Amino acid sequence: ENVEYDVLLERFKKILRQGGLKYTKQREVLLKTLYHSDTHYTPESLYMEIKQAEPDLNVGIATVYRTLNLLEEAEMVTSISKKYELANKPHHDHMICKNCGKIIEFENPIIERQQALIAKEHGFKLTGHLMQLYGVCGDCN
Amino acid sequence: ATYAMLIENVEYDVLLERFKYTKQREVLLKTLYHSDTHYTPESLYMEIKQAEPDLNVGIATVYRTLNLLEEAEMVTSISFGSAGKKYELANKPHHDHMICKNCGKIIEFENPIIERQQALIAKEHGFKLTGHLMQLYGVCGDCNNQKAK
Ligand SMILES: [Cl-]
Ligand SMILES: [Zn+2]
Ligand SMILES: [Zn+2]
Ligand SMILES: [Zn+2]
Ligand SMILES: [Zn+2]
């Protein structure tokens with residue numbers, strides 16, 4: 001499965017709940033619609049796309065408006081202005097000891113460059129990634 | 001580079017979700033994942049007995065669990081000890097994947113330079129590397145500047 005999405009969803013559900021907006025089916029469609037697309041939305045266009053694709057949601061423009069606002073304040077979305085898209089914050093990678101749970105955070109520039117080469121080579125624009133290494137530390141063996 | 005640092009262990013999260021009961025069933029799976037050893041049903045019992053007496057997992061629950069966590073695939077049983085079969089979590093090698101977040105197109109890959117770098121990173125920090133996960137996310141050449149397809 002797409003791990004990036006599950007992390008985005010968890011984080012979305014958390015922002016809603018913390019901000020005291022309900023987590024509903026309408027909001028989940030809304031997050032999916034922003035994740036799976038490559039274009040920027042106004043509240044008006046995001047509402048139309050959702051209304052058009054899932055008519056039985058009875059999505060209203062106010063939920064869309066208020067969610068976008070909550071997401072912007074949480075830095076989950078960026079705004080070009082109106083016009084929004086999910087933020088892609090750069091991040092590091094992790095190595096996890098299977099025994100004691102010690103974690104090493106790292107970023108290896110040679111690996112980062114190869115990932116961009118793999119993407120270029122198959123015509124992908126590279127947008128995100130996840131890397132974890134699992135092992136046993138020196139102390140645990 | 002290395003950095004001072006809440007992170008989820010994805011291969012574990014997945015293992016647990018595949019396993020899907022009780023607090024006893026959980027401690028067993030956790031014991032197998034967190035140990036750098038091959039257990040017999042007996043050694044596994046004694047280990048949970050040393051560490052979680054209060055939960056009293058019977059030897060029957062141990063055999064039953066291992067059997068069930070076997071006629072699935074989740075554990076491998078190759079080799080013997082005096083006390084019985086030795087068991088290991090299945091740890092198959094795998095390739096890496098790039099996924100288009102629009103059309104779901106999946107490209108499988110394995111780049112030897114990255115795999116050797118991962119070996120170096122483990123070595124530099126004194127770790128023995130036993131597994132890894134690498135997913136790349138992006139927009140394939142067919143999904144540029146488009147909505148959910
Ligand atoms: Cl007790
Ligand atoms: Zn990375
Ligand atoms: Zn350790
Ligand atoms: Zn790999
Ligand atoms: Zn695509």
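Below, read A as the first sequence line, B as the second, and so on, with proteins coming before strands; counting in each chain starts at 1. Remember, it's 1-based here, ligands and their atoms both numbered in the order they're listed. For the numbers below, each heavy atom of this structure counts, side chains included, while hydrogens, waters and symmetry mates do not.
For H132(B), the nearest N, O or S atom to the Zn ion (ligand 4) falls under 2.8 Å. Among the atoms of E110(B), no N, O or S atom is found under 2.8 Å from the Zn ion (ligand 4).
A salt bridge does not link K25(A) with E54(A): every distance from a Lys NZ or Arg NE/NH1/NH2 to an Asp or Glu carboxylate oxygen is 4.0 Å or more. Salt bridge status for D36(B) with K128(B): present, with a side-chain N to carboxylate O gap under 4.0 Å.
Of the angles at the Zn ion (ligand 4), the one spanning OD1 of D96(B) and OE2 of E115(B) is 150° when given to 10°. Seen from the Zn ion (ligand 5), atom SG of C103(B) and atom SG of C140(B) lie 110° apart in angle, a value rounded to 10°. Angle SG(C100(B)) to the Zn ion (ligand 5) to SG(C143(B)), rounded to 10°: 100°.
Between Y5(A) and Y35(A), the ring centre distance stays below 6.0 Å.
In the displayed structure, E75(A) atom CD is contacted under 6.0 Å by at most 12 heavy atoms of other residues, nucleotides or ligands.
Note: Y23(A) and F12(A) have perpendicular aromatic rings, judged against thresholds of 30 and 60 degrees for the angle between ring planes.
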